[PDB]
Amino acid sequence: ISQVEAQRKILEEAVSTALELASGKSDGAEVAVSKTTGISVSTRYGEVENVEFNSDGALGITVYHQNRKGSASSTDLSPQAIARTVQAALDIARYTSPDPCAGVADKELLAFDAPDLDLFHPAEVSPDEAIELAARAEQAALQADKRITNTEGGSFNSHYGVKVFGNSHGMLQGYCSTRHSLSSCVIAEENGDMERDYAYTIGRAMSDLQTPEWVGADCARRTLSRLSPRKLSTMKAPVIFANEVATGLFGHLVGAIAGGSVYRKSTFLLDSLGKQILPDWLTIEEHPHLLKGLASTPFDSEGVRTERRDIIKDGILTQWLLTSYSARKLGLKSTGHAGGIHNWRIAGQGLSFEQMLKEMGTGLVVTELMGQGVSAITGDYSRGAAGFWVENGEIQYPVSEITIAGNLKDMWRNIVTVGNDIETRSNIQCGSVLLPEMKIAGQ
């Protein structure tokens, strides 16, 4: 707490120095600084493997003159280094072209008095204490079953951060945060076939984490479930996205409704504002000010206030996700989305995962996806998959070496239900999702 307070003072001063140096030679300027400190450790077969001490720092500035922009950055925060960085950005802005949508965020939208969201819960964890937590998690996994014949280790991370933002409208605000995580990953074998899986826990406070023994048990359960998979034959069938990949399915919406995509006409949802793109019972709630939230933030990367909004309400797309620049291109105002989204919440419609298997009856559950395979401009979707085949409402065997393909427009509009089995370790939080049909490629 004393180390972080010393860092915060240094960072606030660096921001103020950079803005004052820019002020006489520019119409506007934005400055961001950060410092992250902590430890990362790994184990192999319960013994220390790596011990890494982390210490990272950064200053960036953007300046504006005659609507021309220029940017520069440095990891050195000495007064002379800051002076050189400011001069470099000013020099660039002599040669870029006037662009009226560029500039500091609107004064009326800035978080001059930003809220305290309680993101900072420090722990004094020694390297040896960190190693023992990783070793306990890995050991619990390795001891679960004799088919576990190799390992990719235990891992523990604990870090604290400080961020300060300022601009030429007179905003200067900063906040501190912490993140701790514990994981393990092991390898099982059956008849020459090797499979690997992992488990983890994450939170802002150490006392929010699952035990090392819970992590190893979950790791082993997941890994053993993958053994002896089948490659399905080519077919059309219903598909459940298990909770852990259902969050990514909604995640593709972010790029499709980003202002940057909209003004460039590079999204398949260009003509969908105010239209029903999802089932009429589905609402996606954004909550940027949740205390301790994994993706909570008191202001965006341009200093703009963040707000409670229903991005989707009863299936209808209510707004774009805008920054200062994209808002100006569209004749609108920033929505506080510079740097991304800030905690999405989608409620379940009453069924457990088991009840969802029974409703589907026969079909595919996907638990892991690989590759890119999503077109921003058309919505076309084609990704590699692993999971389980389901028949008579029961899991029959694992599957792999298959793809699932369709189009996001059709997939989102025709969702059957969303489960109560909510994944709670991510930015976007939802349960498992049932779709009526996708094309499965295989044998």
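From 1 onward, residues are counted along the sequence shown.
Novice: Name the higher of the two by mean Cα B-factor in the PDB entry, 189-197 versus 75-83.
Specialist: Per the PDB record, 189-197.
Novice: Using only C-alpha atoms and the B-factors in the entry, which stretch averages higher, 314-322 or 267-275?
Specialist: Result: 267-275.
Novice: Among the candidates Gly60, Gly57, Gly28, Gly38, give the one with the maximum CA B-factor reported in the record.
Specialist: Answer, based on the entry's C-alpha B-factors: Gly57.
Novice: Among the candidates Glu368, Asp145, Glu138, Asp300, give the one with the maximum CA B-factor reported in the record.
Specialist: Reading the PDB entry, the winner on C-alpha B-factor is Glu368.
Novice: With respect to C-alpha B-factor, does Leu408 fall in the lowest, middle or highest third of the chain as deposited?
Specialist: Its C-alpha B-factor, which the entry lists for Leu408, ranks in the lowest third among residues of this chain.
Novice: In terms of the chain's CA B-factor thirds, is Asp421 lowest, middle or highest?
Specialist: Ranked within chain, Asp421 CA B lands in the middle tercile.
Novice: Can you tell me whether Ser261 has a C-alpha B-factor in the lowest, middle or highest third compared with the other modelled residues of the same chain?
Specialist: For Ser261, whose C-alpha B-factor we compare with every modelled residue in the chain, the answer is the highest third.
Novice: Divide the modelled residues of the chain into thirds by Cα B-factor and specify which third, lowest, middle or highest, holds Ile377.
Specialist: Highest third - that is where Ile377 ends up once the chain's C-alpha B-factors are sorted.
Novice: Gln66's Cα B-factor: lowest, middle or highest third of the chain?
Specialist: For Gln66, whose C-alpha B-factor we compare with every modelled residue in the chain, the answer is the middle third.
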